[PDB]
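Q: Input structure: run_32.cif, which contains mmCIF, N, CA and C atoms.
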```
data_structure
loop_
_atom_site.label_atom_id
_atom_site.label_comp_id
_atom_site.auth_asym_id
_atom_site.auth_seq_id
_atom_site.Cartn_x
_atom_site.Cartn_y
_atom_site.Cartn_z
N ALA A 500 0.84 -1.22 0.00
CA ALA A 500 0.00 0.00 0.00
C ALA A 500 0.86 1.25 0.00
N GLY A 501 1.90 1.25 0.82
CA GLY A 501 2.77 2.41 0.94
C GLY A 501 2.39 3.27 2.13
N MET A 502 3.28 4.16 2.52
CA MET A 502 3.02 5.07 3.62
C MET A 502 2.80 6.48 3.10
N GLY A 503 3.84 7.06 2.54
CA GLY A 503 3.74 8.39 1.97
C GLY A 503 4.83 8.67 0.96
N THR A 504 5.52 9.78 1.13
CA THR A 504 6.60 10.16 0.24
C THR A 504 7.87 9.38 0.58
N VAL A 505 8.89 9.51 -0.26
CA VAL A 505 10.17 8.88 0.01
C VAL A 505 10.74 9.35 1.35
N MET A 506 10.49 10.62 1.70
CA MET A 506 10.95 11.18 2.97
C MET A 506 10.34 10.43 4.14
N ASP A 507 9.09 10.02 3.98
CA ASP A 507 8.38 9.32 5.04
C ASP A 507 9.00 7.95 5.29
N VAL A 508 9.46 7.33 4.21
CA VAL A 508 10.10 6.03 4.29
C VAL A 508 11.49 6.15 4.93
N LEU A 509 12.22 7.20 4.54
CA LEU A 509 13.59 7.41 5.00
C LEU A 509 13.65 7.61 6.51
N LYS A 510 12.61 8.20 7.07
CA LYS A 510 12.57 8.49 8.50
C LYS A 510 12.00 7.31 9.27
N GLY A 511 11.40 6.39 8.55
CA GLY A 511 10.91 5.18 9.16
C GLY A 511 12.00 4.14 9.26
N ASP A 512 13.10 4.40 8.57
CA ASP A 512 14.24 3.48 8.58
C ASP A 512 15.39 4.08 9.37
N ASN A 513 16.00 3.26 10.23
CA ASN A 513 17.07 3.72 11.10
C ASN A 513 18.36 3.96 10.33
N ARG A 514 18.49 3.32 9.18
CA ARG A 514 19.70 3.41 8.38
C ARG A 514 19.66 4.66 7.51
N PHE A 515 18.47 5.02 7.06
CA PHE A 515 18.29 6.19 6.21
C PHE A 515 18.26 7.46 7.06
N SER A 516 18.24 7.28 8.37
CA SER A 516 18.08 8.39 9.31
C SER A 516 19.19 9.43 9.15
N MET A 517 20.44 8.97 9.01
CA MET A 517 21.56 9.89 8.84
C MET A 517 21.46 10.62 7.51
N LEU A 518 20.87 9.96 6.52
CA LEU A 518 20.67 10.59 5.23
C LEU A 518 19.64 11.70 5.35
N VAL A 519 18.58 11.44 6.11
CA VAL A 519 17.58 12.46 6.39
C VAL A 519 18.24 13.68 7.03
N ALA A 520 19.24 13.42 7.87
CA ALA A 520 19.94 14.49 8.56
C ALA A 520 20.78 15.30 7.57
N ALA A 521 21.40 14.60 6.63
CA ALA A 521 22.17 15.25 5.57
C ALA A 521 21.24 16.04 4.65
N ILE A 522 20.14 15.40 4.25
CA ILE A 522 19.13 16.03 3.42
C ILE A 522 18.61 17.32 4.06
N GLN A 523 18.33 17.25 5.36
CA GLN A 523 17.84 18.40 6.09
C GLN A 523 18.89 19.50 6.17
N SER A 524 20.13 19.12 6.46
CA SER A 524 21.21 20.08 6.64
C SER A 524 21.59 20.73 5.31
N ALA A 525 21.47 19.99 4.21
CA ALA A 525 21.83 20.51 2.90
C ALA A 525 20.66 21.26 2.26
N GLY A 526 19.44 20.90 2.67
CA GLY A 526 18.26 21.58 2.17
C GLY A 526 17.69 20.93 0.93
N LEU A 527 17.84 19.62 0.83
CA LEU A 527 17.36 18.88 -0.33
C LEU A 527 15.95 18.35 -0.10
N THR A 528 15.44 18.56 1.11
CA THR A 528 14.13 18.05 1.50
C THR A 528 13.03 18.49 0.52
N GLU A 529 13.14 19.73 0.03
CA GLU A 529 12.13 20.30 -0.85
C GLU A 529 12.01 19.53 -2.17
N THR A 530 13.04 18.76 -2.51
CA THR A 530 13.00 17.95 -3.72
C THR A 530 12.10 16.73 -3.50
N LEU A 531 12.39 15.97 -2.45
CA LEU A 531 11.62 14.79 -2.11
C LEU A 531 10.29 15.16 -1.47
N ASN A 532 10.11 16.45 -1.23
CA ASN A 532 8.88 16.97 -0.65
C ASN A 532 7.80 17.13 -1.73
N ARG A 533 8.20 16.89 -2.97
CA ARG A 533 7.28 16.97 -4.10
C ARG A 533 7.01 15.58 -4.66
N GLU A 534 5.81 15.36 -5.16
CA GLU A 534 5.47 14.08 -5.76
C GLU A 534 5.77 14.11 -7.26
N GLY A 535 6.00 12.94 -7.83
CA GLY A 535 6.41 12.84 -9.21
C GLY A 535 7.24 11.60 -9.43
N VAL A 536 8.36 11.74 -10.11
CA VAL A 536 9.25 10.61 -10.34
C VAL A 536 10.65 10.90 -9.80
N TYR A 537 11.15 9.98 -8.99
CA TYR A 537 12.48 10.09 -8.40
C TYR A 537 13.02 8.70 -8.06
N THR A 538 14.33 8.57 -8.04
CA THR A 538 14.97 7.33 -7.63
C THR A 538 16.06 7.63 -6.60
N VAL A 539 15.76 7.38 -5.34
CA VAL A 539 16.66 7.76 -4.25
C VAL A 539 17.47 6.57 -3.76
N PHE A 540 18.79 6.73 -3.75
CA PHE A 540 19.67 5.74 -3.17
C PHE A 540 20.05 6.16 -1.76
N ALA A 541 19.57 5.43 -0.76
CA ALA A 541 19.82 5.78 0.63
C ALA A 541 20.91 4.91 1.24
N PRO A 542 22.04 5.53 1.61
CA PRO A 542 23.16 4.84 2.26
C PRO A 542 22.83 4.43 3.69
N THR A 543 23.28 3.25 4.07
CA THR A 543 23.06 2.74 5.41
C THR A 543 24.14 3.24 6.37
N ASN A 544 24.08 2.78 7.63
CA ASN A 544 25.05 3.20 8.65
C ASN A 544 26.46 2.82 8.22
N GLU A 545 26.56 1.63 7.65
CA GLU A 545 27.83 1.07 7.21
C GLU A 545 28.50 1.99 6.20
N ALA A 546 27.71 2.59 5.31
CA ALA A 546 28.23 3.47 4.27
C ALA A 546 28.88 4.70 4.88
N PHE A 547 28.22 5.27 5.86
CA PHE A 547 28.71 6.47 6.52
C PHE A 547 29.90 6.16 7.42
N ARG A 548 29.96 4.93 7.91
CA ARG A 548 31.06 4.50 8.76
C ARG A 548 32.27 4.14 7.91
N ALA A 549 32.00 3.70 6.69
CA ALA A 549 33.06 3.32 5.76
C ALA A 549 33.73 4.56 5.15
N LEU A 550 33.06 5.70 5.26
CA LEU A 550 33.61 6.96 4.76
C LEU A 550 34.94 7.27 5.43
N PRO A 551 35.94 7.68 4.63
CA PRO A 551 37.28 8.01 5.13
C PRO A 551 37.25 9.19 6.09
N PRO A 552 38.10 9.16 7.14
CA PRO A 552 38.15 10.20 8.17
C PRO A 552 38.32 11.59 7.57
N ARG A 553 39.13 11.68 6.52
CA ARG A 553 39.41 12.96 5.88
C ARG A 553 38.17 13.49 5.16
N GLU A 554 37.59 12.65 4.31
CA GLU A 554 36.46 13.04 3.48
C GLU A 554 35.20 13.31 4.30
N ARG A 555 34.84 12.37 5.18
CA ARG A 555 33.59 12.51 5.92
C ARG A 555 33.66 13.68 6.91
N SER A 556 34.86 14.01 7.38
CA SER A 556 35.04 15.13 8.29
C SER A 556 34.84 16.46 7.56
N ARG A 557 35.18 16.48 6.28
CA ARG A 557 35.05 17.68 5.47
C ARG A 557 33.63 17.82 4.95
N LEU A 558 33.16 16.76 4.31
CA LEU A 558 31.86 16.75 3.64
C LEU A 558 30.73 17.09 4.61
N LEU A 559 30.74 16.45 5.77
CA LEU A 559 29.66 16.61 6.75
C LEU A 559 29.78 17.92 7.52
N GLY A 560 30.80 18.69 7.20
CA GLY A 560 31.02 19.94 7.90
C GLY A 560 30.45 21.13 7.16
N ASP A 561 30.06 20.93 5.91
CA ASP A 561 29.55 22.04 5.10
C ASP A 561 28.25 21.66 4.40
N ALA A 562 27.23 22.50 4.57
CA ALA A 562 25.90 22.23 4.02
C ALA A 562 25.90 22.21 2.50
N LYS A 563 26.81 22.96 1.89
CA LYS A 563 26.86 23.05 0.44
C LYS A 563 27.54 21.81 -0.14
N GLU A 564 28.59 21.36 0.53
CA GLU A 564 29.28 20.13 0.13
C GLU A 564 28.34 18.94 0.28
N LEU A 565 27.49 18.99 1.30
CA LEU A 565 26.46 17.98 1.51
C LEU A 565 25.46 17.98 0.36
N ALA A 566 24.91 19.15 0.06
CA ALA A 566 23.87 19.30 -0.97
C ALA A 566 24.33 18.77 -2.31
N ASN A 567 25.58 19.06 -2.64
CA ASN A 567 26.16 18.66 -3.92
C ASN A 567 26.15 17.14 -4.07
N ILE A 568 26.61 16.45 -3.03
CA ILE A 568 26.70 14.99 -3.06
C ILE A 568 25.32 14.34 -3.04
N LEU A 569 24.38 14.97 -2.36
CA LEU A 569 23.02 14.43 -2.25
C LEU A 569 22.32 14.43 -3.60
N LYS A 570 22.62 15.42 -4.43
CA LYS A 570 22.02 15.52 -5.76
C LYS A 570 22.48 14.37 -6.66
N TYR A 571 23.58 13.73 -6.29
CA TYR A 571 24.09 12.59 -7.05
C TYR A 571 23.45 11.28 -6.59
N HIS A 572 22.85 11.29 -5.40
CA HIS A 572 22.22 10.08 -4.86
C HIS A 572 20.77 9.96 -5.29
N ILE A 573 20.23 11.03 -5.85
CA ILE A 573 18.86 11.04 -6.32
C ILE A 573 18.82 11.05 -7.84
N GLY A 574 18.22 10.02 -8.41
CA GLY A 574 18.06 9.95 -9.85
C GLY A 574 16.75 10.55 -10.31
N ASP A 575 16.75 11.07 -11.53
CA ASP A 575 15.60 11.80 -12.06
C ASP A 575 14.69 10.87 -12.86
N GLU A 576 14.97 9.57 -12.78
CA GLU A 576 14.25 8.56 -13.55
C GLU A 576 14.04 7.32 -12.72
N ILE A 577 12.80 6.88 -12.60
CA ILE A 577 12.47 5.72 -11.79
C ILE A 577 12.86 4.43 -12.49
N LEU A 578 13.94 3.83 -12.02
CA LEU A 578 14.39 2.55 -12.54
C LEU A 578 14.40 1.50 -11.43
N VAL A 579 13.37 0.67 -11.41
CA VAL A 579 13.32 -0.44 -10.47
C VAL A 579 14.03 -1.65 -11.06
N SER A 580 14.30 -2.65 -10.23
CA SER A 580 15.05 -3.83 -10.66
C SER A 580 14.39 -4.52 -11.84
N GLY A 581 13.06 -4.59 -11.81
CA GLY A 581 12.33 -5.23 -12.89
C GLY A 581 12.24 -4.37 -14.13
N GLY A 582 12.66 -3.12 -14.02
CA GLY A 582 12.57 -2.21 -15.13
C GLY A 582 13.90 -1.98 -15.83
N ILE A 583 14.99 -2.14 -15.09
CA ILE A 583 16.33 -1.92 -15.63
C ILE A 583 16.62 -2.85 -16.80
N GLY A 584 16.56 -4.15 -16.55
CA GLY A 584 16.84 -5.11 -17.59
C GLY A 584 18.28 -5.57 -17.57
N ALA A 585 19.17 -4.78 -18.15
CA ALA A 585 20.59 -5.12 -18.18
C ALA A 585 21.44 -3.97 -17.66
N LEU A 586 21.38 -2.83 -18.35
CA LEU A 586 22.12 -1.65 -17.93
C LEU A 586 21.44 -0.41 -18.47
N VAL A 587 21.39 0.64 -17.66
CA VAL A 587 20.74 1.87 -18.07
C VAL A 587 21.50 3.09 -17.56
N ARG A 588 21.65 4.09 -18.42
CA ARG A 588 22.24 5.35 -18.02
C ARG A 588 21.17 6.25 -17.42
N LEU A 589 21.16 6.32 -16.09
CA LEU A 589 20.16 7.06 -15.35
C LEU A 589 20.70 8.44 -14.99
N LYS A 590 19.96 9.49 -15.29
CA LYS A 590 20.40 10.84 -14.95
C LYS A 590 20.08 11.17 -13.50
N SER A 591 20.96 11.90 -12.84
CA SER A 591 20.76 12.28 -11.45
C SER A 591 20.36 13.74 -11.34
N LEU A 592 19.85 14.14 -10.18
CA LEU A 592 19.45 15.51 -9.91
C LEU A 592 20.64 16.47 -9.90
N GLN A 593 21.85 15.93 -9.93
CA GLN A 593 23.05 16.77 -10.00
C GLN A 593 23.37 17.11 -11.45
N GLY A 594 23.01 16.22 -12.36
CA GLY A 594 23.33 16.42 -13.75
C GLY A 594 24.22 15.32 -14.28
N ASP A 595 24.91 14.64 -13.38
CA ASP A 595 25.76 13.52 -13.76
C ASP A 595 24.90 12.29 -14.00
N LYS A 596 25.53 11.20 -14.38
CA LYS A 596 24.81 9.99 -14.73
C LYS A 596 25.14 8.88 -13.74
N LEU A 597 24.13 8.11 -13.38
CA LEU A 597 24.33 6.94 -12.56
C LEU A 597 24.30 5.69 -13.43
N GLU A 598 25.41 4.98 -13.48
CA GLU A 598 25.47 3.75 -14.25
C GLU A 598 24.85 2.61 -13.47
N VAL A 599 23.54 2.49 -13.57
CA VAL A 599 22.81 1.45 -12.87
C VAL A 599 22.64 0.24 -13.78
N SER A 600 23.04 -0.92 -13.30
CA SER A 600 22.97 -2.13 -14.09
C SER A 600 22.40 -3.29 -13.29
N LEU A 601 21.91 -4.28 -14.01
CA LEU A 601 21.34 -5.47 -13.42
C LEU A 601 21.95 -6.70 -14.10
N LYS A 602 22.79 -7.41 -13.38
CA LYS A 602 23.44 -8.58 -13.94
C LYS A 602 23.44 -9.72 -12.93
N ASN A 603 23.03 -10.90 -13.38
CA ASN A 603 22.90 -12.08 -12.52
C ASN A 603 21.81 -11.84 -11.49
N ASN A 604 20.87 -10.96 -11.85
CA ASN A 604 19.76 -10.54 -10.98
C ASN A 604 20.29 -9.65 -9.85
N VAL A 605 21.55 -9.24 -9.97
CA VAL A 605 22.16 -8.34 -9.01
C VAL A 605 22.19 -6.92 -9.57
N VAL A 606 21.53 -6.00 -8.89
CA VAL A 606 21.50 -4.61 -9.31
C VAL A 606 22.64 -3.83 -8.66
N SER A 607 23.29 -2.98 -9.45
CA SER A 607 24.40 -2.19 -8.96
C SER A 607 24.39 -0.80 -9.60
N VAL A 608 24.70 0.21 -8.79
CA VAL A 608 24.81 1.58 -9.26
C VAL A 608 26.25 2.05 -9.16
N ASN A 609 26.87 2.30 -10.32
CA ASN A 609 28.28 2.68 -10.38
C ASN A 609 29.14 1.61 -9.73
N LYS A 610 28.83 0.35 -10.05
CA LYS A 610 29.53 -0.83 -9.53
C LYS A 610 29.13 -1.17 -8.09
N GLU A 611 28.57 -0.20 -7.37
CA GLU A 611 28.14 -0.44 -5.99
C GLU A 611 26.80 -1.17 -5.97
N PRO A 612 26.75 -2.35 -5.35
CA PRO A 612 25.54 -3.17 -5.28
C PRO A 612 24.46 -2.57 -4.38
N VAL A 613 23.21 -2.79 -4.75
CA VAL A 613 22.08 -2.33 -3.97
C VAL A 613 21.71 -3.38 -2.92
N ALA A 614 21.46 -2.92 -1.70
CA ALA A 614 21.19 -3.81 -0.58
C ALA A 614 19.72 -4.22 -0.53
N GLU A 615 18.84 -3.33 -0.97
CA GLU A 615 17.40 -3.59 -0.92
C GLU A 615 16.68 -2.63 -1.86
N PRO A 616 16.46 -3.06 -3.10
CA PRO A 616 15.85 -2.24 -4.14
C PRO A 616 14.32 -2.34 -4.19
N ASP A 617 13.72 -1.39 -4.91
CA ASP A 617 12.32 -1.47 -5.34
C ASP A 617 11.39 -1.17 -4.18
N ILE A 618 11.86 -0.26 -3.35
CA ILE A 618 11.07 0.30 -2.28
C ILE A 618 10.11 1.34 -2.85
N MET A 619 8.82 1.00 -2.85
CA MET A 619 7.81 1.84 -3.48
C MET A 619 7.40 3.01 -2.58
N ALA A 620 7.38 4.19 -3.17
CA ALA A 620 6.88 5.38 -2.51
C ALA A 620 5.90 6.10 -3.43
N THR A 621 5.23 7.13 -2.93
CA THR A 621 4.22 7.82 -3.73
C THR A 621 4.86 8.65 -4.84
N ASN A 622 6.08 9.13 -4.60
CA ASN A 622 6.73 10.04 -5.53
C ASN A 622 8.01 9.45 -6.11
N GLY A 623 8.12 8.13 -6.11
CA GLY A 623 9.28 7.51 -6.71
C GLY A 623 9.64 6.19 -6.07
N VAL A 624 10.91 5.83 -6.18
CA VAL A 624 11.40 4.58 -5.62
C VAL A 624 12.65 4.84 -4.78
N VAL A 625 12.94 3.92 -3.89
CA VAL A 625 14.11 4.01 -3.03
C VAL A 625 14.93 2.72 -3.13
N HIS A 626 16.23 2.87 -3.31
CA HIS A 626 17.11 1.73 -3.37
C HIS A 626 18.13 1.81 -2.23
N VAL A 627 18.03 0.90 -1.28
CA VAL A 627 18.95 0.85 -0.15
C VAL A 627 20.38 0.54 -0.61
N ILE A 628 21.34 1.38 -0.24
CA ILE A 628 22.74 1.11 -0.56
C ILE A 628 23.57 1.03 0.70
N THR A 629 24.53 0.13 0.69
CA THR A 629 25.41 -0.06 1.84
C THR A 629 26.72 0.70 1.63
N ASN A 630 26.77 1.42 0.51
CA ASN A 630 27.92 2.24 0.17
C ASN A 630 27.43 3.60 -0.28
N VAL A 631 28.29 4.60 -0.19
CA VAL A 631 27.97 5.92 -0.65
C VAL A 631 28.42 6.09 -2.09
N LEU A 632 27.80 7.01 -2.80
CA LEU A 632 28.12 7.24 -4.19
C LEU A 632 28.90 8.53 -4.35
N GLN A 633 30.17 8.38 -4.70
CA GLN A 633 31.07 9.50 -4.85
C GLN A 633 31.56 9.60 -6.29
N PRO A 634 31.48 10.79 -6.88
CA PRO A 634 31.96 11.03 -8.25
C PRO A 634 33.48 10.95 -8.33
#
```
Starting from the coordinates I provided, produce the structure as structure tokens.
A:
Amino acid sequence: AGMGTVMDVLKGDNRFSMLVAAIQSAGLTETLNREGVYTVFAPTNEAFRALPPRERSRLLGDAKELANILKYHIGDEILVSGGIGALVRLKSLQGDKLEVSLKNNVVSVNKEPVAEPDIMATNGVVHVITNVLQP
């Protein structure tokens, strides 16, 4: 049935919680605050813990550096596992492209595997990632 927007799902999950904090601090909430089509990759606790001391100390210290990276985690095209097929060039809200592919029934974005895909929301889809997406 679903609950609400992608934001509603992200706050219902303990792993997406830190992402909600980044989204809030960067000011990206207004994007997911609208209904339509979106594909959000939400990093888990492991992803944020795997972040290097140098990078995560810098990135999480500035709202603008946060906002920039968040725009790369949100795709502008809804591609679920059953919709991808083999490989698709998905555009992100940053302007760059996410190389999302499905091979051996394993979905991966920029080589990074998805932990739990095809999370249905009212305004798009959410793909759980255990890694962060860095250009």
Q: Please evaluate the PyMOL selection byres ((chain A and resi 506) around 8) against the structure above and give the resulting residues as a PyMOL selection string.
A: chain A and resi 503-505+507-512+519+528+531-532+620-622
Q: Run through the PyMOL selection byres (((chain A and resi 555 and name CA) around 12) and name CA) on the given coordinates and return the selected residues as a ChimeraX atom specification.
A: /A:521,546-554,556-561,564-565,568,631,633
Q: Residues within 6 Å of residue 540 (chain A), please, as a ChimeraX atom specification. Count only N, CA and C atoms; anything in the same chain fewer than 4 positions from it doesn't count.
A: /A:572-574,625-628
Q: Filtering to N, CA and C atoms, could you give me those residues as a PDB file, in the frame of the given file?
A:
```
ATOM      1  N   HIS A 572      22.850  11.290  -5.400  1.00  0.00           N
ATOM      2  CA  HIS A 572      22.220  10.080  -4.860  1.00  0.00           C
ATOM      3  C   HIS A 572      20.770   9.960  -5.290  1.00  0.00           C
ATOM      4  N   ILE A 573      20.230  11.030  -5.850  1.00  0.00           N
ATOM      5  CA  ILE A 573      18.860  11.040  -6.320  1.00  0.00           C
ATOM      6  C   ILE A 573      18.820  11.050  -7.840  1.00  0.00           C
ATOM      7  N   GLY A 574      18.220  10.020  -8.410  1.00  0.00           N
ATOM      8  CA  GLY A 574      18.060   9.950  -9.850  1.00  0.00           C
ATOM      9  C   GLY A 574      16.750  10.550 -10.310  1.00  0.00           C
ATOM     10  N   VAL A 625      12.940   3.920  -3.890  1.00  0.00           N
ATOM     11  CA  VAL A 625      14.110   4.010  -3.030  1.00  0.00           C
ATOM     12  C   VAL A 625      14.930   2.720  -3.130  1.00  0.00           C
ATOM     13  N   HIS A 626      16.230   2.870  -3.310  1.00  0.00           N
ATOM     14  CA  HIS A 626      17.110   1.730  -3.370  1.00  0.00           C
ATOM     15  C   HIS A 626      18.130   1.810  -2.230  1.00  0.00           C
ATOM     16  N   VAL A 627      18.030   0.900  -1.280  1.00  0.00           N
ATOM     17  CA  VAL A 627      18.950   0.850  -0.150  1.00  0.00           C
ATOM     18  C   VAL A 627      20.380   0.540  -0.610  1.00  0.00           C
ATOM     19  N   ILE A 628      21.340   1.380  -0.240  1.00  0.00           N
ATOM     20  CA  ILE A 628      22.740   1.110  -0.560  1.00  0.00           C
ATOM     21  C   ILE A 628      23.570   1.030   0.700  1.00  0.00           C
TER      22      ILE A 628
END
```
Q: Give the answer as one residue: which of A:632, A:522, A:585, A:595 has the shortest atom-to-atom distance to residue 611 (chain A), using all atoms listed in the file?
A: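 Looking at the shortest contact to residue 611 (chain A), the residue is A:632.
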Q: Report, in Å to a single decimal, how far apart CA of residue 596 (chain A) and atom C of residue 618 (chain A) are.
A: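 Value for the atom C of residue 618 (chain A)-CA of residue 596 (chain A) distance: 20.8 Å.
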Q: Can you translate the PyMOL selection byres ((chain A and resi 609) around 5) into the concrete residues it hits in this file, as a PyMOL selection string?
A: chain A and resi 598-599+607-608+610-611
Q: Could you work out how far CA of residue 500 (chain A) lies from CA of residue 612 (chain A), giving the answer in Å with one decimal?
A: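 Here the two named atoms are 26.3 Å from each other.
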Q: Find, counting only C-alpha atoms, the residue in A:530, A:545, A:501, A:580 that gets nearest to residue 613 (chain A).
A: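 Residue with the minimum atom-to-atom distance to residue 613 (chain A): A:580.
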Q: When you draw a straight line from atom N of residue 527 (chain A) to CA of residue 569 (chain A), how long is it in Å?
A: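 About the pair atom N of residue 527 (chain A) and CA of residue 569 (chain A): they are 8.0 Å apart.
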Q: Find the residues around residue 544 (chain A) up to 8 Å (only C-alpha atoms counted), leave out those fewer than 5 positions away in its own chain, and share them as a list in words.
A: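 After dropping sequence-adjacent residues, the list is residues 514, 515, 517 and 629 of chain A.
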Q: Of the candidates A:586, A:619, A:539, A:605, which shows the shortest atom-to-atom distance to residue 571 (chain A), using only N, CA and C atoms?
A: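 Of all the options, A:539 lies closest to residue 571 (chain A).
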Q: Can you pull region 573-589 of chain A out of that block with N, CA, C and O atoms and hand it back as a tab-separated table (two decimals), in the first residue's frame?
A:
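The file below, part_5.tsv, is the result:
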```tsv
chain	number	residue	atom	x	y	z
A	573	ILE	N	20.23	11.03	-5.85
A	573	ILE	CA	18.86	11.04	-6.32
A	573	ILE	C	18.82	11.05	-7.84
A	573	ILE	O	19.34	11.96	-8.48
A	574	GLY	N	18.22	10.02	-8.41
A	574	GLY	CA	18.06	9.95	-9.85
A	574	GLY	C	16.75	10.55	-10.31
A	574	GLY	O	15.76	10.52	-9.58
A	575	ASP	N	16.75	11.07	-11.53
A	575	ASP	CA	15.60	11.80	-12.06
A	575	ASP	C	14.69	10.87	-12.86
A	575	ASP	O	13.75	11.31	-13.52
A	576	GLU	N	14.97	9.57	-12.78
A	576	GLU	CA	14.25	8.56	-13.55
A	576	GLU	C	14.04	7.32	-12.72
A	576	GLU	O	15.01	6.77	-12.18
A	577	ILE	N	12.80	6.88	-12.60
A	577	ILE	CA	12.47	5.72	-11.79
A	577	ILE	C	12.86	4.43	-12.49
A	577	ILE	O	12.21	3.99	-13.44
A	578	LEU	N	13.94	3.83	-12.02
A	578	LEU	CA	14.39	2.55	-12.54
A	578	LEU	C	14.40	1.50	-11.43
A	578	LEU	O	15.30	1.49	-10.59
A	579	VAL	N	13.37	0.67	-11.41
A	579	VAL	CA	13.32	-0.44	-10.47
A	579	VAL	C	14.03	-1.65	-11.06
A	579	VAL	O	14.32	-1.68	-12.26
A	580	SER	N	14.30	-2.65	-10.23
A	580	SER	CA	15.05	-3.83	-10.66
A	580	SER	C	14.39	-4.52	-11.84
A	580	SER	O	15.05	-4.95	-12.78
A	581	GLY	N	13.06	-4.59	-11.81
A	581	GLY	CA	12.33	-5.23	-12.89
A	581	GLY	C	12.24	-4.37	-14.13
A	581	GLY	O	11.79	-4.84	-15.18
A	582	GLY	N	12.66	-3.12	-14.02
A	582	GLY	CA	12.57	-2.21	-15.13
A	582	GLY	C	13.90	-1.98	-15.83
A	582	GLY	O	13.93	-1.67	-17.02
A	583	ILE	N	14.99	-2.14	-15.09
A	583	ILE	CA	16.33	-1.92	-15.63
A	583	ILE	C	16.62	-2.85	-16.80
A	583	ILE	O	16.90	-2.39	-17.91
A	584	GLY	N	16.56	-4.15	-16.55
A	584	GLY	CA	16.84	-5.11	-17.59
A	584	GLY	C	18.28	-5.57	-17.57
A	584	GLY	O	18.59	-6.63	-17.03
A	585	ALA	N	19.17	-4.78	-18.15
A	585	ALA	CA	20.59	-5.12	-18.18
A	585	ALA	C	21.44	-3.97	-17.66
A	585	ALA	O	22.13	-4.10	-16.66
A	586	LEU	N	21.38	-2.83	-18.35
A	586	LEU	CA	22.12	-1.65	-17.93
A	586	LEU	C	21.44	-0.41	-18.47
A	586	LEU	O	20.96	-0.40	-19.60
A	587	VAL	N	21.39	0.64	-17.66
A	587	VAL	CA	20.74	1.87	-18.07
A	587	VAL	C	21.50	3.09	-17.56
A	587	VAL	O	21.97	3.12	-16.41
A	588	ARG	N	21.65	4.09	-18.42
A	588	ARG	CA	22.24	5.35	-18.02
A	588	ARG	C	21.17	6.25	-17.42
A	588	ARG	O	20.36	6.85	-18.13
A	589	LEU	N	21.16	6.32	-16.09
A	589	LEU	CA	20.16	7.06	-15.35
A	589	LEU	C	20.70	8.44	-14.99
A	589	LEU	O	21.79	8.55	-14.44
```
